Amino acid sequence: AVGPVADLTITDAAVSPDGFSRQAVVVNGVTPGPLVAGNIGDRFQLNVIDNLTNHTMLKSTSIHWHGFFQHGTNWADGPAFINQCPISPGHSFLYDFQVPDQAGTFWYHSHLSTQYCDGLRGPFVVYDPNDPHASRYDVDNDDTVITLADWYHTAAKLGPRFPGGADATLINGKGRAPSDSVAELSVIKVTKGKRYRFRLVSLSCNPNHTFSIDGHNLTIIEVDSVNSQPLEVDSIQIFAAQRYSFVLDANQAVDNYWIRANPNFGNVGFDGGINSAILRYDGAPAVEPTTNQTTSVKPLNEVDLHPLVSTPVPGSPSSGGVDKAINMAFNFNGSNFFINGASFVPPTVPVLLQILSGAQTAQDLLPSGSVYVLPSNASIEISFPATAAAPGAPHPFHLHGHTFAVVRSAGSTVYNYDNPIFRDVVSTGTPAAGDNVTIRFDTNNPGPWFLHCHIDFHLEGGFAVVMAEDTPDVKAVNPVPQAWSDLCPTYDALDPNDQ
Ligand SMILES: *[C@@H]1O[C@H](CO)[C@@H](O[C@@H]2O[C@H](CO)[C@@H](O[C@@H]3O[C@H](CO[C@H]4O[C@H](CO)[C@@H](O)[C@H](O[C@H]5O[C@H](CO)[C@@H](O)[C@H](O)[C@@H]5O)[C@@H]4O)[C@@H](O)[C@H](O[C@H]4O[C@H](CO)[C@@H](O)[C@H](O)[C@@H]4O)[C@@H]3O)[C@H](O)[C@H]2NC(C)=O)[C@H](O)[C@H]1NC(C)=O
Ligand SMILES: *[C@@H]1O[C@H](CO)[C@@H](O[C@@H]2O[C@H](CO)[C@@H](O[C@@H]3O[C@H](CO)[C@@H](O)[C@H](O[C@H]4O[C@H](CO)[C@@H](O)[C@H](O)[C@@H]4O)[C@@H]3O)[C@H](O)[C@H]2NC(C)=O)[C@H](O)[C@H]1NC(C)=O
Ligand SMILES: *[C@@H]1O[C@H](CO)[C@@H](O[C@@H]2O[C@H](CO)[C@@H](O)[C@H](O)[C@H]2NC(C)=O)[C@H](O)[C@H]1NC(C)=O
Ligand SMILES: *[C@@H]1O[C@H](CO)[C@@H](O)[C@H](O)[C@H]1NC(C)=O
Ligand SMILES: [Cu+2]
Ligand SMILES: [Cu+2]
Ligand SMILES: [Cu+2]
Ligand SMILES: [Cu+2]
């Protein structure tokens with residue numbers, strides 16, 4: 001792992017994770033990029049060096065540190081034209097922030113167009129030397145991070161606007177496309193008798209994945225950086241951008257066992273060993289498993305998750321017992337997504353720069369109809385009713401700068417004002433189940449924070465809004481470095497083909 005103080009060099013390279021060679025966006029030579037790690041309390045100084053040369057995958061870039069509150073450092077959050085102008089090619093920029101009050105499993109990714117889909121994405125872990133779950137496992141390290149990624153043989157800007165699924169699911173950066181079932185698979189080495197904290201991170205641009213391990217159950221103890229009550233399951237459906245820690249007891253027979261991550265669409269199942277990797281106990285031969293999959297009889301259900309430590313829900317025990325309730329009505333017209341009649345188009349001047357330049361009201365802020373001004377020190381409820389009007393369901397919505405209470409989960413008609421799980425990416429379910437997924441949070445974090453579908457192609461088609469939280473305090477609370485002030489002039493000076 002690198003960090004907390006590190007250079008991250010962004011370049012274009014040839015990679016072949018599934019044996020097919022293509023140009024991708026890589027981080028210190030690799031994709032998924034390297035694990036960034038620190039401890040709770042750390043200051044991170046992550047120097048992002050943009051040495052990109054390929055305009056099709058974008059020569060400019062911007063990195064988001066997914067799940068971090070970034071309190072007082074809203075300028076470092078990453079979304080292009082919300083929190084900064086992109087870094088320009090040939091330049092570097094220092095993201096410099098603290099993580100005083102969080103620990104768990106995160107990730108980092110480009111937040112410029114669909115560039116993370118082209119490879120700029122990797123895992124990010126913040127350890128707790130007082131982790132309340134430490135008694136449950138023996139091993140937690142670089143090799144117990146498990147990444148899932150959808151991989152495409154055509155680049156983001158070159159294929160369909162809304163791809164019908166990936167060529168290959170990669171697990172720790174390797175996997176098979178169904179045409180070449182010879183390509184090397186990832187191996188996750190375990191040792192009989194040891195308990196492992198596996199940190200499962202979905203780096204997905206689009207599909208969700210139903211993750212299982214032949215012969216083993218999984219005890220979930222963390223959900224998107226929030227410590228849970230331990231929950232034993234035999235399969236986990238994990239949506240783009242979500243994270244779970246699970247404990248795996250390596251107390252079965254020394255052998256090879258299939259690791260399975262079946263996407264919701266694209267190449268499904270496991271023929272040829274697609275959608276798979278290998279759990280190899282030490283001593284087992286260097287061969288593919290021959291285990292078979294059994295029916296999941298205890299699948300994860302989000303409603304079954306609860307915080308480890310009692311965490312009151314923001315507001316009061318009633319539908320709309322909050323200071324401000326916002327409903328998000330979805331639409332789609334074949335090319336673009338809309339929220340409450342507005343398809344997001346990034347503004348010329350980043351929302352944060354507009355605020356620092358005096359714009360504190362929805363009337364003054366751009367894009368018009370896409371920015372919701374929130375009062376300070378208030379409870380907020382947001383509902384995302386599933387509708388046939390928004391194909392590509394279930395949409396995993398993400399709120400930057402906050403961890404929220406999921407008061408109503410997909411596939412559940414029930415509202416939990418008592419002990420609902422908190423997380424930062426939530427499936428908004430389907431119109432088939434009449435879902436009306438609802439979240440709550442408190443506005444104690446001044447700044448503009450993106451709220452958007454985490455299917456990158458949908459974000460790109462406009463499926464986003466901005467929550468402009470406590471705009472009158474943004475300037476005082478988030479002092480900006482000169483390097484940040486320099487971004488927009490430099491970017492705006494670029495030829496459009498060097499963007
Ligand atoms: C900027 O980044 C973008 C996004 O990735 C790059 O876009 C690529 O554009 C090229 C050229 O326009 C496209 O090439 C097409 O590629 C396909 C598939 O190619 C792959 O499969 C081959 C078959 O086995 C194999 O030879 C290739 O290997 C080479 O390429 C890789 C990757 O760079 C390299 O690592 C290797 O060393 C090899 O050099 C590769 O694995 C190919 O089939 C296409 O050909 C049909 O296409 C044309 C028109 O129909 C025709 O002339 C041919 O007869 C052929 O039948 C074509 O060459 C490519 O698909 C794009 N990549 C992606 C992921 O979308 C762009 O290249 C980058 N620019 C720079 C400067 O690198
Ligand atoms: C992961 O979780 C799943 C679900 O919780 C769990 O599956 C359960 O496994 C047990 C294995 O103990 C299954 O029950 C067995 O079923 C067989 C077939 O009917 C019976 O013959 C077994 O009886 C023998 O073994 C018992 C000990 O448990 C003796 O008490 C008994 O007298 C017999 O000798 C036994 O009942 C159970 O049905 C499943 N439940 C399902 C599928 O819902 C699985 O074991 C867990 N995996 C791991 C590795 O922990
Ligand atoms: C999903 O829940 C939201 C939030 O409760 C609902 O929107 C509210 O509906 C009632 C109408 O009976 C209004 O009084 C509230 O003011 C609404 N909030 C709005 C529109 O901002 C929504 O109706 C529910 N939708 C579905 C499909 O169940
Ligand atoms: C969908 O709406 C967008 C944004 O308003 C518009 O520019 C686009 O042309 C529309 N597309 C179709 C297919 O109607
Ligand atoms: Cu994200
Ligand atoms: Cu985020
Ligand atoms: Cu979506
Ligand atoms: Cu985001």
# chains A, B, ... in the order shown; residues from 1 in each chain; ligands from 1
>>> residues_around(residues="residue 146 in chain A", least_positions_apart="5", cutoff="6 Å", atoms="only C-alpha atoms", output="JSON, numbers by chain")
{"A": [172, 199, 200]}
>>> select_by_dssp(residues="range 1-92 of chain A", states="strand (DSSP E)", output="PyMOL selection string")
chain A and resi 5-15+22-27+36-39+43-50+63-66+92
>>> residues_near_ligand(ligand="ligand 1", cutoff="6 Å", atoms="only C-alpha atoms and all ligand atoms", output="PDB file with C-alpha atoms, in the first residue's frame")
ATOM      1  CA  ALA A  14      -1.547  -1.108 -22.472  1.00  0.00           C
ATOM      2  CA  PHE A  20      -7.185  -8.942 -24.332  1.00  0.00           C
ATOM      3  CA  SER A  21      -4.858  -6.004 -24.781  1.00  0.00           C
ATOM      4  CA  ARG A  22      -6.183  -2.422 -24.602  1.00  0.00           C
ATOM      5  CA  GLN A  23      -5.128   1.079 -23.700  1.00  0.00           C
ATOM      6  CA  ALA A  24      -6.394   2.059 -20.270  1.00  0.00           C
ATOM      7  CA  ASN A  54      -4.652  10.077 -24.674  1.00  0.00           C
ATOM      8  CA  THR A  56     -10.115   9.636 -26.047  1.00  0.00           C
ATOM      9  CA  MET A  57      -9.792   8.590 -22.395  1.00  0.00           C
ATOM     10  CA  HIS A 153     -12.896  -4.150 -24.494  1.00  0.00           C
ATOM     11  CA  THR A 154     -14.100  -0.911 -26.018  1.00  0.00           C
ATOM     12  CA  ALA A 155     -13.311   2.380 -24.278  1.00  0.00           C
ATOM     13  CA  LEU A 158     -16.015   4.555 -28.126  1.00  0.00           C
TER      14      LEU A 158
END
>>> residues_near_ligand(ligand="ligand 4", cutoff="7 Å", atoms="only C-alpha atoms and all ligand atoms", output="compact mmCIF listing (two decimals) with N, CA and C atoms, in the first residue's frame")
# COMPACT_ATOMS: atom_id res chain seq x y z
N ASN A 333 -34.95 10.01 -21.32
CA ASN A 333 -35.48 10.14 -22.68
C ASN A 333 -34.70 9.42 -23.77
N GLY A 334 -33.91 8.42 -23.39
CA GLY A 334 -33.17 7.64 -24.33
C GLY A 334 -31.71 7.99 -24.32
N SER A 335 -31.39 9.25 -24.09
CA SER A 335 -29.99 9.66 -24.04
C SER A 335 -29.58 10.26 -22.72
N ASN A 336 -30.53 10.95 -22.07
CA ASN A 336 -30.27 11.64 -20.83
C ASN A 336 -31.21 11.27 -19.67
N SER A 343 -31.59 17.55 -16.14
CA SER A 343 -30.52 16.65 -16.50
C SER A 343 -29.24 17.37 -16.22
>>> closest_residue(among="A:323, A:77, A:50, A:234", to="ligand 2", atoms="only C-alpha atoms and all ligand atoms")
A:234
>>> residues_near_ligand(ligand="ligand 8", cutoff="9 Å", atoms="only C-alpha atoms and all ligand atoms", output="PyMOL selection string")
chain A and resi 64-66+77-79+109+111+398-400+449-454+456+459
>>> closest_residue(among="A:118, A:460, A:96, A:364", to="ligand 7", atoms="only C-alpha atoms and all ligand atoms")
A:460
>>> closest_residue(among="A:151, A:198, A:344, A:330", to="ligand 3", atoms="only C-alpha atoms and all ligand atoms")
A:330
>>> closest_residue(among="A:130, A:331, A:438, A:361", to="ligand 7", atoms="only C-alpha atoms and all ligand atoms")
A:331
